[PDB]
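>>> build me a structure from this.
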Amino acid sequence: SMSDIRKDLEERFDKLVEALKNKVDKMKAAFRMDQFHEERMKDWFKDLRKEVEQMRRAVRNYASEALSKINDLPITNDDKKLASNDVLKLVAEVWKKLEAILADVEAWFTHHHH
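Residues are numbered from 1 along each chain as shown. Sure, the structure comes next:
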């Protein structure tokens, strides 16, 4: 069924978001506003952008597989397109959440620093 496919996809998306958030939160709690820590944020931001890229890659892989499952269902082509539309909406929402996490910690450090 459609809802199973959707529900399972959204659960994977939510795990990526939780995992990214955990990584960012734990850095902020370890962060002291001193020099050693300041000079390292450049590299840590570099590594966080790689992480986001890797998760956006996972997002495409997970969505491609959901679309595969949808296209195997005994439903009309019209219904398949409606389903893929719903998948694409879920993809847009996990993208937005992943990008906000990154944007938010980048703003936290700029603001911490000004």
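>>> show me where the protein has its helices.
Assigned helices in the chain, in chain order: 2-30, 35-71, 77-113 (criterion: DSSP state H).
>>> redo these as JSON lines? Include mean neighbour count.
Any C-beta I mention is one placed from the backbone N, CA and C, and that applies to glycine too. Shown next, in JSON lines, are the helices of the chain (neighbours: other CB atoms under 10 Å):
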{"stretch": "helix 2-30", "mean neighbour count": "14"}
{"stretch": "helix 35-71", "mean neighbour count": "14"}
{"stretch": "helix 77-113", "mean neighbour count": "14"}
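>>> I'd like the distance between residue 99 and residue 108.
15 Å (CB to CB, to the nearest Å).
>>> what of residue 96?
Distance from residue 96 to residue 108, by CB to CB: 18 Å.
>>> with residue 68 instead?
39 Å.
>>> do the same with residue 6
33 Å.
>>> just residue 15 next, same as before
23 Å.
>>> also residue 2?
Residue 2 is 39 Å from residue 108, by CB to CB.
>>> and residue 62, by the same measure?
29 Å.
>>> give the closest residue to residue 44 in space, chain neighbours not counted.
Excluding the flanking residues, the one nearest residue 44 by CB to CB, 6 or more residues apart in numbering is residue 27, at 6.5 Å.
>>> what of residue 59?
Counting by CB to CB, 6+ apart, the residue nearest residue 59 is residue 94, at 5.6 Å.
>>> residue 16 is in contact with that neighbour, correct?
Yes - counting by CB atoms under 8 Å, residue 16 is a contact partner of residue 94 at 6.7 Å.
>>> overlap in contacts, these two.
residue 59 (CB atoms under 8 Å, 6 or more residues apart in numbering).
>>> understood, closing this out.
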